[PDB]
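Below, read A as the first sequence line, B as the second, and so on, with proteins coming before strands; counting in each chain starts at 1. All values below come from the heavy atoms of this structure, side chains included, with hydrogens, waters and symmetry mates left out.
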Amino acid sequence: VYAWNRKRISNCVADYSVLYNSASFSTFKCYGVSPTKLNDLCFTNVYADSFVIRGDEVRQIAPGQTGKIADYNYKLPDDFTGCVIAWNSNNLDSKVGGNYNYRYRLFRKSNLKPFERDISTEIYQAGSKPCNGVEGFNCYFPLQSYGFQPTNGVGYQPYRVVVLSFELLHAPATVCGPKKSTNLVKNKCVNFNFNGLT
Amino acid sequence: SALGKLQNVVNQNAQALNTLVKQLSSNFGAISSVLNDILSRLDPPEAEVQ
Amino acid sequence: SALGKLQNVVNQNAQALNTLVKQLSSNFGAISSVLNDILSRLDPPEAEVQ
């Protein structure tokens, strides 16, 4: 989550109906757009932000949330449009001895901007005493690992979260829905849909 | 500027119409100022609010 | 009460200005009538609503 992966999606036709109709996702929650209207609109600036978090932290992947990974790992803007996708991954991203490959930023001086990534492995000064880049008393590494075990209860089990981020109509669009194009008629009153513009 | 009294009335009426037309471009706190965009993007429970 | 006609105009203008000032002390359903108190007591998602 501190180094969440951002992938650009462009120049493709996207069928979001296979995402709504799939029951694999525990949370399929969209904010600035209806989930069922995604096949009827055209988009550009589509971004997929992929990371792994806890079970109780899936509420913090939302606009306007106060939280820990919201402030120091992954921040969403107040005017965010898109969909947050979360599904349980205890069968894949957990080990009986402890899966420690997923890390979060426990310590930071200030909250992040929306869509800001911090991968800097610099030390934090948690006390009055300066640390000088060396661990010690009140000097801790900012990145700490999750202790994922399959025997743990819900709320702490690993969840895979993908955030789809869009922009609405304010640019030429390259990602569209599976709606078929009709022929054009001249000099008649029609209700048209040009790339999501109705 | 001889006929300024009539031109003031004409300008005031045209300016009032222009302001009234310009006010459609404001979203007033909604996600968009275009009704078609809201009706094509959202379900009726939240489109009702917008 | 000889000059009541001018005094009414002066009183109405002063009273309208005083009422416009006193409307700032009303919260209009918000938690406080002061913007600084709202900005200091709440996060921007709810401070925006207030």
Legend entry - Residue pair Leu42(B), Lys37(A): steps toward the side chain to side chain contact (heavy atoms under 4.5 Å, CB included) verdict: CA-CA 7 Å; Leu42(B) 294 180; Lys37(A) 301 288 183 171; over 6 Å; no
Inset, instruction - Examine whether an atom of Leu35(B) lies under 4.5 Å from a heavy atom of chain A, and if so say whether it belongs to the side chain, the backbone or both; otherwise answer neither. - result: neither
Legend entry - Value rounded to 0.5 Å, distance of OG1 in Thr198(A) from CZ in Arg41(B): 11.5 Å
Inset, instruction - Tell me, yes or no, whether the heavy-atom count around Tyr31(A) atom OH, taken from other residues, nucleotides or ligands under 6.0 Å, exceeds 12. - result: yes
Inset, instruction - Below 4.5 Å from any heavy atom of chain B, which atoms of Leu38(A) appear? Answer side chain, backbone, both or neither. - result: neither
Legend entry - Choice from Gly196(A), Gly32(A), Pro35(A) maximising heavy atom contacts with chain B below 4.5 Å: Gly32(A)
Inset, instruction - For side chain to side chain contact (heavy atoms under 4.5 Å, CB included), just list the numbers for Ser40(B) and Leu41(A), CA-CA rounded to whole Å, side-chain angles, deciding distance to a tenth of an Å, and then say yes or no. - result: CA-CA 8 Å; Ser40(B) 62; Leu41(A) 309 185; 4.0 Å; yes
Inset, instruction - Please round to the nearest 0.5 Å and tell me the distance separating atom SG of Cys30(A) and atom CD of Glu46(B). - result: 10.0 Å
Legend entry - CD (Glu116(A)) with more than 12 external heavy atoms under 6.0 Å: yes
Legend entry - Other residues, nucleotides, ligands: >12 heavy atoms within 6.0 Å of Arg103(A) CZ: no
Legend entry - Residues, nucleotides or ligands: over 12 heavy atoms within 6.0 Å of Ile119(A) CD1: no
Inset, instruction - Decide if atom CZ of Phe192(A) counts as having more than 12 heavy atoms of other residues, nucleotides or ligands within a radius under 6.0 Å. - result: no
Inset, instruction - Tell me, yes or no, whether the heavy-atom count around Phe28(A) atom CZ, taken from other residues, nucleotides or ligands under 6.0 Å, exceeds 12. - result: yes
Legend entry - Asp37(B) and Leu169(A): CA distance, side-chain angles, deciding distance, side chain to side chain contact (heavy atoms under 4.5 Å, CB included) verdict: CA-CA 9 Å; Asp37(B) 291 11; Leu169(A) 207 66; 3.5 Å; yes
Inset, instruction - Drop me the distance from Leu197(A)'s CG to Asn36(B)'s CG, to the nearest 0.5 angstrom. - result: 8.0 Å
Legend entry - Pair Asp43(B), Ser34(A): side-chain N/O donor-acceptor within cut-off below 3.5 Å: yes
Inset, instruction - For atom NZ of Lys68(A), decide whether the heavy atoms of other residues, nucleotides or ligands shown that lie under 6.0 angstrom number more than 12. - result: yes
